[PDB]
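Chemist: piece number one of the complex, untouched:
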Amino acid sequence: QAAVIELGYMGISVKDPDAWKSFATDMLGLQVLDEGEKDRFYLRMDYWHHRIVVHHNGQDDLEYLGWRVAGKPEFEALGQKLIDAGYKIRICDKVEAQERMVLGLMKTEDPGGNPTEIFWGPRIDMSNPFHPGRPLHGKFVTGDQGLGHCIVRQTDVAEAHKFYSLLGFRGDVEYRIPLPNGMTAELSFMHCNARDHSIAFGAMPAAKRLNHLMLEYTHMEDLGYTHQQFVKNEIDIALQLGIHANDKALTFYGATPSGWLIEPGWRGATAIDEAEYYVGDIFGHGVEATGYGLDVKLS
Amino acid sequence: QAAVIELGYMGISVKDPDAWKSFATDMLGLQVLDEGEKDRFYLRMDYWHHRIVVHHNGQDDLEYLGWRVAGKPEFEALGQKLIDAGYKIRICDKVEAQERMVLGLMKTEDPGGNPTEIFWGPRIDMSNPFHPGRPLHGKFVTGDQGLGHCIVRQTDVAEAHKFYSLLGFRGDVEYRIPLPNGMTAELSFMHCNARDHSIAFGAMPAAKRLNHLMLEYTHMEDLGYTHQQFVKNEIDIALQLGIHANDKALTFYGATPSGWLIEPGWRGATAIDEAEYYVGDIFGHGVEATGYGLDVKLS
Amino acid sequence: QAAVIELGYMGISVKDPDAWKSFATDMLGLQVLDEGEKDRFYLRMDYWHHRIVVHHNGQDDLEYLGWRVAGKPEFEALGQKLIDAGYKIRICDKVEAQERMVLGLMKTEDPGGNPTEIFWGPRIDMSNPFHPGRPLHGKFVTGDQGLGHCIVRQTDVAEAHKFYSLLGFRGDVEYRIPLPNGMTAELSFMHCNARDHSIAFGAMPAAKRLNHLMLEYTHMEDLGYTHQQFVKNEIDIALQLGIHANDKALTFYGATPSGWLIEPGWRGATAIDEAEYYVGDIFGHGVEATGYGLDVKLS
Amino acid sequence: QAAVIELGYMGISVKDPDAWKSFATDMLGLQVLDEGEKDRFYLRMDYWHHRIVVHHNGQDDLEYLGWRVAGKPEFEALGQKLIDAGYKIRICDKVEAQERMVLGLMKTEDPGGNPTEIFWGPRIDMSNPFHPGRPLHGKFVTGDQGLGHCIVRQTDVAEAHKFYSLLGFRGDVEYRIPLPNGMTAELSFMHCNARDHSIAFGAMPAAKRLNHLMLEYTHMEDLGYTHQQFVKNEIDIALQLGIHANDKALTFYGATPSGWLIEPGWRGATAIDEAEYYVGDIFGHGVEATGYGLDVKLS
């Protein structure tokens, strides 16, 4: 059955490109690639030409998520599936596909308004191995798991679930978290490969499309050094170190120059098709810096 | 689903059979088998009776590619599939099948005019283990991967892709290579088993059906010795040693007595169903000898 | 898809039960189980209550082959498949099923006239571990591979193939063996599990239903001792020690007291779905004693 | 502790070099190497320049056994050990060492009169991989196990044992075999590496220094084919196929053109330091052709 197989790339727009270059390299160990374009640069994690496009003169938010399918037959099948179900899509011409450096490209929006791209045939620069922006003990976990995961804004969880399910994702409510005001927040997490989740959401108020992006190190030492960099440089940590009940990953959440959060992590477990839920994390992920997309403790 | 499972055998015709015997044995380590026929001999690589038929009084080009299916049910299913799709096929009688030493045989041509045979039931001489034409450290990689791969001539890539897809192959454009004249050459690569590719093509001008045949050694030492044989004997090397971005194989391309190229290699990676593309090889495969099927550098 | 999964049991009839008890125990290492019945006894190989039923006052030939399916749903599906295709079957009542010690039983004949039973739910005596009729270094290869294999008589190979294919077997002509008279004998071999073949046949003249039964030792030492027993006791060996091209097993063929052959063996390879053929065995299996079901050399 | 580590090479002399070339290649699969010397040629089994030197104008017997030590320090230590114990040795000059193609060489005789050489630094031709004299499924077992083993003549087992023990071998009486005349033959077997034995002997009357040489195939198929070659060509088999109780190897013993026996085999077990004994082999090794070094059955 035709399905999305990974979060292949994403685009963000920023107001301060120079701050983003220093942040990405020094704080995270990502590689900056500048192709001489006036309005954008790239961040690499592996052999792909890029994983993140960073657009200038921007909004400090997500621009697009790029979801990969295996090839042209799955691209065509999924496109027709979306059309048959009543979703509005546009099949892109050669110029637009070349902009993203993919062989085939279609554009749509998810039910929450998040620009969503489906593509086949990423550009891989095997001649240009990843070279991190600071020394690293290891590298990033990508491969069959794609670049990482995001929590994005939604207005109707059922509608969002319908859309991502059509795309081949699996998952449902995995957390029922008590809120300070007596309500219970339901968070849904969906997978499309071995990464425990690639997309997640609730129907929570949010000023930005993007709540956080999670990037995963192969080595615990790089995660620890990254955490220390945030502390040393007095960068806000919204949720402190902890371990998630679903994916078993060791992570924290820190501010980016755009105000949405980065979640550096290590040791994510394999996705499971069998739905379960929790009322909190294993421990940690307590609130430190207030006033971010995540103001409430997870355990 | 019924599908081609390997490149089982191939036939070539040559103007100089004696030169071909010395080339195949000394330069490559293939085994010559002469069954006393006036007009042909065989080259072996493994337990199969043969992998290559070498016809005399010839054209210095490919005569046929022989694609294996698992058995009679898949043979019949694929035959009917070709007929239903409007392709012209001929089901061969016992005499023609016996000529190829197979249990069932059908003949057609691919959209580029390359004679294409589909068969089941190869003859295996378990009593006669491979005995290479020169001493070898190892042997050849065949088995589930078939004999090797070819690049062949096509006039319409989309039509070629349709035909091979019907036969059960998977793959698409994997290289977009800049050409000296400012154009971009698109090369497509298709697999039917664990070998990264078994057939590949672009819509490129070509005097011969066959651009090159790739044969894979189990041992790096045999590849190195083969490379040294080409250098020592001053045989043209069209593309020097390098590593492909798609299959990760260490290979070079040298002249055969027929003028098309042999690509001896080592360390091919497992095929992947997920389409990606590159703008060049990892490195190497630079042009040395000019005037062959490949005049342009691959990295 | 519903299919036969193993040769579960078989029945033979004999004129000399006492000779058969001594032969089975001393020459082969099978276990004799006598349940006090006037007209039969059993031979064991493993935890099954039995693998071979030996009927008295007999014909020195095969009485029935018992083919297992996984359970009742597959039994019912296969029964209906046979009926729909025009084959005559009888679904057995409780008394007949109890005679065979199975939970469900149907009876038919293959196109060559060989009585064929299909059943589910064999009786396993876990409380009664196999105890061989002579000391053994090892045991027998059974399990997922069933008891062994037989070559049986057929009058029309295509009809036989159709029947066994309906039952879920796979396989075709694997040998084209030159005969002394200038003809070529075609032998077909079919599998229904990991055993390289469980049933095989050609359209060859035969006085008996059963040409041979093959039983496989886990240990080479037991095969060698068995071979030595045949030599020491001057029991006819029709085909001497050799190795088959298809299953790679080390075997010989010796006379039983019933005149059909036993093929003791060791080291059978895993079945393959990809059809190939040979013109002889790896070596050995030359003719020694003449006048048996196999009078012609296999290599 | 300084010790012999393998049977590295051996020398034989023959009356019929041409018969020996055909025998070694066709019957055994050894590689003939002729360096243009008037009086000798070589047999190869692996990457070593050679394992067996075949001298012309000879006696149809063993000329020397060449025992390897790890290096110069062990060579010197063992030389001094032999001198201290009262054995007569000669340290060879450069010319004599070069004849054997070794870096250091000493010559002596064992207590039975068998010329015995101790050396370090064999010549290995890594550029020249083994190329068998007939097609082989596999190759030979050499490496840490050396070339094979011999039974040689002795007049005093205790004296022989003392000598080989000084050289670093371990082992003792492993067989007490009943003889037709009512006596019991004691055979001793000694190891110096993982090969179950490299040298063995009893105090038995013998016209030749060499009773037999055992060579081990990696693949059972090559052993079987070799056995079939002896049968087909009507070459005397002194002891038929069987399995040894000590090393668990499948072997037979056949005549060479020199009248002493070759023991082709397969599946030798790892040497053990713990002494045990047997009164016969597992089975087989019965007498067929009479009048050879071995006239008595082993089981």
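Modeler: Here it is on my side, so go on. Numbers count the residues shown, from 1 in each chain, chains lettered A, B, ... in the order given.

Chemist: roughly how far apart are the closest residue to chain C within chain A and residue A:271?
Modeler: Per C-beta to the nearest C-beta, residue A:1 is where chain A lies closest to chain C, at 20.3 Å. No exception for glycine: its C-beta is placed from N, CA and C like everyone else's. For residue A:1, the distance to residue A:271 (C-beta to C-beta, to the nearest Å) stands at 17 Å.

Chemist: what are the ranges of the strands in the stretch 51-200 of chain A?
Modeler: With DSSP state E, counting those that start in this stretch as the criterion, the stretch 51-200 of chain A has strands at A:52-55, A:61-69, A:90-91, A:102-109, A:115-122, A:149-152, A:173-178, A:184-190, A:199-201.

Chemist: want to throw those into a markdown table with mean neighbour count and distance to residue C:234?
Modeler: Listed next are the strands of the stretch 51-200 of chain A as a markdown table, based on neighbours: other C-beta atoms under 10 Å in any protein chain shown; distance: least, C-beta to C-beta, whole Å:
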| stretch | mean neighbour count | distance to residue C:234 |
| --- | --- | --- |
| strand A:52-55 | 21 | 83 |
| strand A:61-69 | 23 | 71 |
| strand A:90-91 | 13 | 82 |
| strand A:102-109 | 21 | 75 |
| strand A:115-122 | 23 | 72 |
| strand A:149-152 | 24 | 77 |
| strand A:173-178 | 17 | 76 |
| strand A:184-190 | 19 | 75 |
| strand A:199-201 | 25 | 78 |
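
Chemist: quick one on the thing from earlier: neighbour count for residue A:1 and residue A:271, which is higher?
Modeler: More neighbours surround residue A:271 than the other of residue A:1 and residue A:271, with 20 against 7 (other C-beta atoms under 10 Å in any protein chain shown).

Chemist: Please name the residues that touch the closest residue to chain B within the stretch 151-299 of chain A.
Modeler: At 10.6 Å from chain B, residue A:193 is the closest residue in the stretch 151-299 of chain A, using C-beta to the nearest C-beta. The contact partners of residue A:193, by C-beta atoms under 8 Å, 6 or more residues apart in numbering or on different chains, come to A:5, A:6, A:144, A:145, A:146, A:271.

Chemist: Distance check, it against chain D.
Modeler: Per C-beta to the nearest C-beta, to the nearest Å, residue A:193 is found 42 Å from chain D.

Chemist: Next: residue A:172.
Modeler: 56 Å.

Chemist: next one: residue A:94
Modeler: According to C-beta to the nearest C-beta, residue A:94 and chain D sit 52 Å apart.

Chemist: What residues does the stretch 51-200 of chain A have near chain B?
Modeler: Proximity of the stretch 51-200 of chain A to chain B (C-beta under 8 Å from any C-beta of the partner chain) is limited to residues A:68, A:70-72, A:103, A:120-127.

Chemist: Make CSV out of the residues you listed and add distance to chain D.
Modeler: Formatted as CSV, those follow (distance: C-beta to the nearest C-beta, whole Å):
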residue, distance to chain D
A:68, 45
A:70, 40
A:71, 41
A:72, 44
A:103, 44
A:120, 45
A:121, 43
A:122, 42
A:123, 42
A:124, 37
A:125, 38
A:126, 32
A:127, 33
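
Chemist: Just put the residues you listed in a markdown table and tack on distance to residue A:163.
Modeler: Listed next are these as a markdown table, based on distance: C-beta to C-beta, whole Å:
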| residue | distance to residue A:163 |
| --- | --- |
| A:68 | 17 |
| A:70 | 20 |
| A:71 | 22 |
| A:72 | 22 |
| A:103 | 24 |
| A:120 | 19 |
| A:121 | 23 |
| A:122 | 22 |
| A:123 | 27 |
| A:124 | 28 |
| A:125 | 32 |
| A:126 | 34 |
| A:127 | 37 |
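
Chemist: here's chain E, add it to the model above:
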Amino acid sequence: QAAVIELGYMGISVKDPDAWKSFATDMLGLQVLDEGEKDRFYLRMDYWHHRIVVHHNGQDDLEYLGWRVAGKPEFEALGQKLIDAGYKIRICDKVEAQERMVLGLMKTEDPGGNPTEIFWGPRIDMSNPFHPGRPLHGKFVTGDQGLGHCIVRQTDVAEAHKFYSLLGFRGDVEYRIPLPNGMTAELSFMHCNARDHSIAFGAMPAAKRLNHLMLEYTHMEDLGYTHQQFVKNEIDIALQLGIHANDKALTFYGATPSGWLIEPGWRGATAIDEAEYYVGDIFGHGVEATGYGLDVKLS
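Modeler: Below, chain E sits with the chains from the block before:
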């Protein structure tokens, strides 16, 4: 027994430090570390503070080899062993040890005049992971194998062998290579850990202490890219790509800015204690650029 366990560090002096920084980073992928010292900088390969010290205002040759022992007890034992055998050593004070960044240090010269240091307790910067001077697919092989190997000048091979044997190395003559003038060059290779050799030499005329330094990549792709860098930048290659008979490594030899050779390589085999010799390499290592420390082909 106390012994040297690896080539831990080395010092070189150069006339052109800027050329060396560009060469080391771009051509080899080494990491430049400048600690602000006026007269030296460092090259890193791994977590060690450094592996190579590069001194300014120099002689374009080796300054010292630094051989590690396990700890203080082995340092003291080896020091006393050298004194007892009549070698001149100096035990260094704290200032000299701190210069090398080691816990204990002694200085001597080998019999060929090559400055030789023995130390315990290297400085490891676990906080500062290796960051190569160009992007790399992999990293370097160091660890238990130390930094690499050198061939250095000697005037008396027996004396050199005595010295290195006292230090705990093992090895002897491994090559007897025919020279153009009819002589035979003997080369000796010694190991002190799993690296096939760490030091090697003959008694050959040489203008420099250092003939070559070998550095080993984990990944074949980095070796290939390095080879391509030498070709592209028209840097002299003295011996072309080939494989050594002793260590089985794929290597070539290229000019450094100091005129002695670097030998980049991949796939070195484990050292063996059993001495063997060869008359050439497996193949390759033919002469290209003349006028370097190696003017003669190795195969």
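
Chemist: count of neighbours near residue A:85?
Modeler: So residue A:85, with other C-beta under 10 Å, has 10 neighbours.

Chemist: what's the nearest residue to it once chain neighbours are set aside in contact with, if anything?
Modeler: Distances taken as C-beta to C-beta, 6 or more residues apart in numbering or on different chains place residue A:166 nearest to residue A:85, at 6.0 Å, with adjacent residues excluded. Residue A:166 is in contact with A:81, A:82, A:85, A:87, counting by C-beta under 8 Å, 6+ apart.

Chemist: The residue lying closest to the first one once chain neighbours are set aside and residue A:89, how far apart?
Modeler: This means residue A:81. Closest residue to residue A:81 apart from its sequence neighbours, by C-beta to C-beta, 6+ apart: residue A:166 at 6.1 Å. Taking C-beta to C-beta as the measure, residue A:166 falls 11 Å from residue A:89.

Chemist: likewise residue A:69?
Modeler: 13 Å.

Chemist: Same check on residue A:219?
Modeler: Per C-beta to C-beta, residue A:219 is found 40 Å from residue A:89.

Chemist: do residue A:76 as well
Modeler: 12 Å.

Chemist: what does residue A:253 give?
Modeler: For residue A:253 relative to residue A:89 (C-beta to C-beta), the value is 33 Å.

Chemist: Can you show me the helices along the stretch 101-250 of chain A?
Modeler: Per DSSP state H, counting those that start in this stretch, the stretch 101-250 of chain A has helices spanning A:157-166, A:220-232. These are given in chain order.

Chemist: burial count for residue A:279?
Modeler: Neighbourhood size, residue A:279 [other C-beta under 10 Å]: 11.

Chemist: What of residue A:203?
Modeler: 18.

Chemist: what's the closest non-adjacent residue to it?
Modeler: residue A:157 (5.0 Å).

Chemist: Residue A:35: neighbouring residues, count only.
Modeler: 9.

Chemist: OK, contacts around the nearest residue to it once chain neighbours are set aside?
Modeler: Spatial nearest neighbour of residue A:35, excluding adjacent residues (C-beta to C-beta, 6+ apart): residue A:42 at 6.9 Å. By C-beta under 8 Å, 6+ apart, residue A:42 lies in contact with A:32, A:33, A:34, A:35, A:49, A:50, A:52, A:53, A:54.

Chemist: Roughly how far does the closest residue to the second one other than its chain neighbours sit from residue A:123?
Modeler: In this case it means residue A:33. Nearest residue to residue A:33, sequence neighbours excluded (C-beta to C-beta, 6+ apart): residue A:42, at 4.2 Å. Taking C-beta to C-beta as the measure, residue A:42 falls 11 Å from residue A:123.

Chemist: which residues do these two both contact?
Modeler: residue A:49.

Chemist: ok so, going back, what pairs with the residue nearest to residue A:35 across the strands?
Modeler: residue A:33, residue A:53 (DSSP bridges).

Chemist: Check the gap between it and residue B:178 for me.
Modeler: Residue A:42 is 20 Å from residue B:178, by C-beta to C-beta.

Chemist: How is chain A partitioned into domains?
Modeler: A:1-135, A:136-299 (curated CATH domains).

Chemist: What about the residue lying farthest from the centre of chain A? Give its phi and psi, please.
Modeler: Residue farthest from the centre of chain A, counting by C-alpha atoms, centre = their mean, is residue A:182 at 29.7 Å. Main-chain dihedrals, residue A:182, degrees, to the nearest 10: phi 90, psi -10.
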